[PDB]
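This document starts with one chain, in the form solved without this ligand, laid out as structure tokens.
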């Protein structure tokens, strides 16, 4: 309905510089990102500490985020285990929400530990830094708002299959599909109030190239392209080339499995910020803090924060 005709309020140069300046890559690194770089596969003590970190960093902000933990047991190749997706919503009774999402588990695995630095500590920390950098503007919103989702159990425990993967997202898309929205309404569920799902995944590697995956989000991907482009021209990006842009005029010809899968196949539009090709380090012990690129991530935070403000008209 409205989602289909919704237009961004495009911000001027002055307002661009403000967004570029009001985000801190170093704050994100030390306060949002470093505490997540721990083994945190589903049900582990590392999972719990990560969950606690996420909630804590969320609670500390004046915007009136409403947190909710969707916990549940699912059969795994290692028997029943516990999962906990984390939902942070502003204005939970607002009809429409822009949704941001990462998976916050790490994949269960040299006498080294897998910490999924791109996969996906960085996407989560970016979500966190967005919530902090925009706090004051998000505070004003207190019938479209913002939701953050951190999915648990994205990864296969053993071998990626329909039943061994995406435990978090598949359980939550279904919860949301059978839950009336707004509360005490008839016919319409919580998925239906999902304007757009923007899934960040595998972000942090140098020189990422993000395809335009879905016609029904193509105009939103376009907005990312114009945004990168304008932040670039204003000298607000770092180590940034037009020839090496993140957001390319490229469509993708395969199907990627990820947390958007159970929302997409129920008709939620998806803007899938996963690069192709996948980072050199993907599903290797090398996916660590060392192999991450500061300026890339700093840059994408600014593209992303602008995208978000424009969508919310903020």
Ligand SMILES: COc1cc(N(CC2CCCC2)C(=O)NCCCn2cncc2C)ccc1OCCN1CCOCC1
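Residue numbers count along the first chain shown, from 1.
Keep in mind that the form solved in complex with this ligand is missing from the display, and what follows is about it.
Asks: How does the site look for this ligand after superposition from its pose in the deposited bound form: open, or blocked with 3 or more ligand atoms within 2.4 Å of a backbone or C-beta atom?
Replies: Answer open: no ligand atom comes within 2.4 Å of backbone or C-beta.
Asks: Should residue 127 be classed as touching this ligand in the deposited bound form when contacts are defined as heavy atoms within 4.5 Å?
Replies: Result no; residue 127 lies far from this ligand in the deposited bound form.
Asks: Taking this ligand as it sits in the deposited bound form, is residue 256 near enough to touch it, meaning that at least one heavy atom pair lies within 4.5 angstroms?
Replies: Within the cut-off, so yes.
Asks: Please run the contact check for residue 230 against this ligand in the deposited bound form: heavy atoms, 4.5 angstroms, yes or no?
Replies: No - in the deposited bound form, heavy atoms of residue 230 and this ligand never come within 4.5 Å of each other.
Asks: Applying a 4.5 Å heavy atom distance criterion, does residue 274 contact this ligand in the deposited bound form?
Replies: Within the cut-off, so yes.
Asks: Based on heavy atom distances of at most 4.5 Å to this ligand in the deposited bound form, which listed stretch, 278-286, 62-70, 28-36, 42-50, is the contact stretch?
Replies: Among the listed stretches, the partner-contacting one is 278-286.
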